[PDB]
Amino acid sequence: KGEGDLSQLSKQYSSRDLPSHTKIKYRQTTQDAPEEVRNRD
Amino acid sequence: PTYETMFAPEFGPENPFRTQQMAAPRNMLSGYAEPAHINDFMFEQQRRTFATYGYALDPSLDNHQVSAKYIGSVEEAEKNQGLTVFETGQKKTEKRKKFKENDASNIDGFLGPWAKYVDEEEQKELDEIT
Amino acid sequence: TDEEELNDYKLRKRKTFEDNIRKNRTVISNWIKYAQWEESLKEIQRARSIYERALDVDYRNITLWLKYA
Amino acid sequence: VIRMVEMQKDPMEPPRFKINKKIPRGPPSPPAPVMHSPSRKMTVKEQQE
Amino acid sequence: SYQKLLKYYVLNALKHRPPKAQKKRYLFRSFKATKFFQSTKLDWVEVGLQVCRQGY
Amino acid sequence: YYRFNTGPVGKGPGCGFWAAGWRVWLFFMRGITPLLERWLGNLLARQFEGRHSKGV
Ligand SMILES: O=P(O)(O)O[C@H]1[C@H](OP(=O)(O)O)[C@H](OP(=O)(O)O)[C@H](OP(=O)(O)O)[C@@H](OP(=O)(O)O)[C@H]1OP(=O)(O)O
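Chains as they are written, first to last, in the authors' numbering: chain A, 18 to 58; chain B, 83 to 202, 211 to 220; chain C, 215 to 283; chain D, 196 to 244; chain E, 446 to 501; chain F, 613 to 668.
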């Protein structure tokens with residue numbers, strides 16, 4: 018219901034705003050993942 | 083759920099301080115609107131029936147609790163005995179005969195579905219206005 | 215053209231002081247001097263709205279509230 | 196009961212309406228009471244300090 | 446010219462990363478479902494002169 | 613052009629093997645079409661709905 022210019026009110030497909038790195042790397046078990054944080058001294 | 087809970091009326095003098103329009107139920111400032119899933123075919127059929135001859139049945143749920151009547155132009159419903167636009171009628175009256183030319187060979191004589199029909211003091215006032 | 219010069223003087227002062235409050239939205243002398251200039255006209259229904267939108271940028275000051283009161 | 200469909204927007208259209216309006220910021224959320232500590236005033240000399 | 450096409454072919458063969466795109470689309474099938482785009486079979490020079498006419 | 617001239621063929625023009633430059637200037641537009649597509653979309657936005665002076 019009437020947001021800012023970023024939502025719908027503009028066709029400015031601007032540079033530096035692209036779907037780059039559209040996946041998040043998760044910290045697995047060999048690093049300091051929170052499952053090994055919840056029990057170490 | 084119980085029918086007696088929703089059937090129980092409100093004790094009061096109807097509160098006539100408001101008018102008839104504002105005291106009426108609503109959700110939008112104009113009428114209580116809610117989506118539904120009515121069939122398309124009979125909807126468009128009775129729409130075309132009212133568009134042609136001007137009679138159709140009356141859709142609601144809780145106006146009178148008994149409703150099976152026709153609306154719009156009343157007498158033309160019983161005049162045609164309740165026919166539809168998709169039904170072949172009992173008679174073929176006031177039918178309108180066109181001419182056809184569907185050989186597709188002649189030049190400037192082919193008039194099929196694009197054919198014109200067989201049938202084919212105000213200027214002074216319009217000058218005085220402009 | 216007395217009404218023309220009167221409305222011209224009032225419109226120039228209102229336009230200058232509205233540009234002044236448009237430029238600086240922090241210091242509060244401009245709104246109160248503009249609103250007491252309308253209070254000098256002694257018949258207003260718009261200066262209350264001026265004090266009402268002048269306290270939206272600063273409601274923690276004592277001077278604007280006590281002056282409008 | 197009426198019928199509600201949607202008109203197809205063709206993908207050969209620039210933005211039709213000039214999004215260039217600028218207004219001053221309106222009245223915010225209304226001010227809560229302020230409720231500080233009781234305000235003190237020091238002296239006539241430390242204010243000179 | 447020999448060695449510079451060798452250079453460009455090795456630079457193309459070295460950065461040969463797999464196509465990690467997840468979804469696929471066409472952009473012609475999405476135009477065709479719209480009522481404003483229509484499909485017909487024409488001549489080539491008509492299409493070329495048409496797109497340069499429209500570009501002008 | 614130096615493989616037409618092998619043998620008794622002639623030094624003059626007639627070099628009509630055109631597919632190789634054709635492929636690379638298709639490779640140009642193949643990667644530049646979304647780029648200046650986005651650029652002309654930004655141009656149509658800047659022309660038709662105006663600019664944003666102090667927005668982003
Ligand atoms: O001057 P060169 O280094 O000897 O090369 C030229 C030159 O090609 P490049 O300059 O691109 O290398 C000519 O093209 P132009 O740039 O002069 O237009 C070309 O003729 P084409 O345009 O038909 O390709 C042909 O020269 P020629 O006119 O004699 O065919 C060619 O090689 P050669 O001069 O050795 O034949």
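Virtual Cβ for every residue (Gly too), placed ideally from N, Cα, C.
Pick out every residue whose C-beta is nearer than 7 Å to a heavy atom of ligand 1: which are they, in chain order?
After applying the 7 Å Cβ criterion, the set is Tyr613/F, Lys623/F, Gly624/F, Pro625/F and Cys627/F.
Could you tell me whether the stretch 101 to 118 of chain B touches the stretch 131 to 143 of chain B, where touching means 3 or more Cβ pairs closer than 8 Å?
No contact exists between the stretch 101 to 118 of chain B and the stretch 131 to 143 of chain B.
Does DSSP classify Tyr30/A as helix, strand or coil?
Position 13 of the first sequence, counted from the start, is the residue given in the question as residue 30/A. Correct three-state label for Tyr30/A: coil.
Given a threshold of 16 other Cβ atoms within 10 Å of its Cβ, counted over all protein chains shown, does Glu201/D qualify as buried or as exposed?
Taking the fourth sequence and counting its residues from 1, one reaches residue 201/D at position 6. Exposed: under 16 other Cβ atoms inside 10 Å.
Just list the residues that DSSP pairs residue 78/B with in beta bridges.
Chain B is shown from 83 up to 220; residue 78/B falls before or after that span and cannot be answered.
Check the C-beta distance from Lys28/A over to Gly653/F and give it rounded, since I have them as a contact under 8 Å.
Taking the first residue of the first sequence as 1, we reach residue 28/A at position 11. Taking the first residue of the sixth sequence as 1, we reach residue 653/F at position 41. 6 Å between Cβ atoms; contact.
What is the residue span of the alpha helix (DSSP H) that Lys281/C lies within?
As a first step, residue 281/C is located in the third sequence; it is residue number 67 there, counting from the start. Run containing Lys281/C: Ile276 to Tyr282, per the alpha helix (DSSP H) assignment.
When Cβ atoms are compared, which residues of the stretch 107 to 128 of chain B fall closer than 8 Å to chain D?
Correct list: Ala118, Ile120 and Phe125.
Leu23/A touches chain D at which residues, Cβ-Cβ below 8 Å?
Numbered from 1 along the first sequence, position 6 holds the residue referred to as residue 23/A. None at all; the shortest Cβ gap to chain D is about 11 Å.
Under 7 Å between the Cβ atoms of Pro226/D and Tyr273/C?
Counting from 1 along the fourth sequence, the entry for residue 226/D is found at position 31. Counting from 1 along the third sequence, the entry for residue 273/C is found at position 59. Closer than 7 Å, so yes.
Please check if any C-beta of chain D sits within less than 7 Å of the C-beta of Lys477/E.
For the purposes of this step, residue 477/E is taken as residue 32 along the fifth sequence, with counting starting at 1. No, no contact with chain D.
Count the other CB atoms within 10 Å of the CB of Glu158/B; is the residue buried (16 or more) or exposed (fewer)?
Against the second sequence, residue 158/B aligns to sequence position 76. Result: exposed.
Any chance you could list the alpha helix (DSSP H) runs of at least 4 consecutive residues sitting entirely within the stretch 236 to 262 of chain C, in chain order?
As far as the stretch 236 to 262 of chain C is concerned, its whole alpha helix (DSSP H) runs of at least 4 residues are 243 to 253.
Give the straight-line distance between the Cα atoms of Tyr152/B and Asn188/B, rounded to the nearest whole angstrom.
Indexing the second sequence from 1 puts residue 152/B at position 70. Indexing the second sequence from 1 puts residue 188/B at position 106. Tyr152/B and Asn188/B: Cα-Cα distance of roughly 52 Å.
If you measure beta-carbon to beta-carbon, which residues of the stretch 27 to 42 of chain A are closer than 8 Å to chain F?
The residues in question are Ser27, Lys28, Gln29, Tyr30 and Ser31.
When burial is assigned at 16 or more other CB atoms within 10 Å of the CB, is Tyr85/B buried or exposed?
Here residue 85/B is taken as the residue at index 3 of the second sequence, counted from 1. With fewer than 16 other Cβ atoms within 10 Å, it is exposed.
Can you check DSSP and say which residues form a bridge with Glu183/B?
The count along the second sequence starts at 1 and reaches residue 183/B at position 101. Answer by DSSP bridge pairing, in chain order: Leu193/B.
Against chain D, with Cβ distances strictly below 7 Å, would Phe481/E count as a contact?
As a working mapping, residue 481/E is identified with position 36 in the fifth sequence. Cβ-Cβ to chain D under 7 Å: yes for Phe481/E.
At 4 residues or longer, and completely inside the stretch 466 to 490 of chain E: list those alpha helix (DSSP H) runs for me, N to C.
You should have 474 to 477.
Just confirm the distance between the C-beta atoms of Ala50/A and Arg44/A, as a whole number of angstroms; I'd bet it's less than 8 Å.
As a first step, residue 50/A must be located in the first sequence, where it is residue number 33. As a first step, residue 44/A must be located in the first sequence, where it is residue number 27. About 5 Å separates the two Cβ atoms, so the contact holds.
Count the other CB atoms, across all protein chains shown, that sit within 10 Å of the CB of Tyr248/C; report buried if there are 16 or more and exposed otherwise.
By one-based count along the third sequence, residue 248/C stands at place 34. Buried, by the Cβ-count rule.
Between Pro233/D and chain C, is any beta-carbon pair separated by less than 7 Å?
Residue numbering aside, residue 233/D sits at position 38 when the fourth sequence is read from its first letter. No, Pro233/D lies away from the interface with chain C (no Cβ there is under 7 Å from its Cβ).
Going along the stretch 210 to 226 of chain D in order, which residues come within less than 7 Å of chain C, judged by CB to CB distance?
For the stretch 210 to 226 of chain D, which is checked against every Cβ of chain C, the residues closer than 7 Å are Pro222, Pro223 and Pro226.
Report all residues from its chain with a CB closer than 8 Å to the CB of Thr215/C; omit the five preceding and five following residues, and keep chain order.
Counted from its first residue, the third sequence places residue 215/C at position 1. So no residue of the chain qualifies.
Consult DSSP for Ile644/F and reduce its assignment to one of helix, strand or coil.
In the sixth sequence, residue 644/F corresponds to position 32, counting from 1. Here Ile644/F sits in helix by DSSP.
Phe481/E: which of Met199/D, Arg198/D and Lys204/D sits nearest, CA to CA?
The count along the fifth sequence starts at 1 and reaches residue 481/E at position 36. The residue with the shortest Cα to Cα distance from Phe481/E is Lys204/D.
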